[PDB]
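A single chain comes next, written as structure tokens; it is the form solved without ligand TCL.
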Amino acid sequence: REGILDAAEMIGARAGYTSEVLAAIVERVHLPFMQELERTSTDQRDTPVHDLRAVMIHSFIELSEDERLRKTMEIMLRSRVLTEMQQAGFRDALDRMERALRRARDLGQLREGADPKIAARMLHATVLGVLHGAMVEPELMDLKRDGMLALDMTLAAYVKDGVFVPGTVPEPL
């Protein structure tokens, strides 16, 4: 099962055994990040912008430092089962980002008039553009350095000053 996904018509032969594959691959990688994003809106903690920012930054760092993971993530960003998986992943991520920003709004951490739905779209666009720009040319778009700059810029548009410390990598959740 995992052996098959790891190997992935010599997939079986690489695996050593006797589209759905690419989808199963994007799913296995999506999951961990989704659960991390979901945690950022927990009503059990009161720093949702900080936590959301931490999750995104740590994710950019792991992709930058893990070639296997970055290649997997790559196919999740290419090009009906795979197409539907990407859409599902898109929807899920934007949903979870919006829950965390709606909690920030609730806690008084967004700027006056900020709409968490609109903030979440801009944040999602920011993340996607850094990923895609780094995929095309890492020498012009550095996942860790530009990822943080872009994230802090977009967050600063909707989040009040003093809610998080820009420019630094936060502690693990």
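So that there is no doubt, residue numbering starts at 1 and follows the sequence shown.
As for the form deposited with ligand TCL bound, it is not shown, yet the points below apply to it.
- This chain lacks the partner; the member of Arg105, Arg39, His30, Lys144 within 4.5 angstroms of ligand TCL in the bound PDB entry by a non-hydrogen atom is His30.
- Against ligand TCL in the bound PDB entry, the set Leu63, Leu77 and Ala93 is in full contact: each member has a heavy atom within 4.5 Å.
- Within this chain, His124 lines the site of ligand TCL in the bound PDB entry, having a heavy atom no more than 4.5 Å away.
- Under a 4.5 angstroms non-hydrogen atom cutoff, ligand TCL in the bound PDB entry lacks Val130 among its neighbouring residues.
- Ligand TCL in the bound PDB entry is approached by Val26, whose closest heavy atom lies within 4.5 angstroms of it.
- At the 4.5 Å threshold, heavy atoms of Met56 reach ligand TCL in the bound PDB entry.
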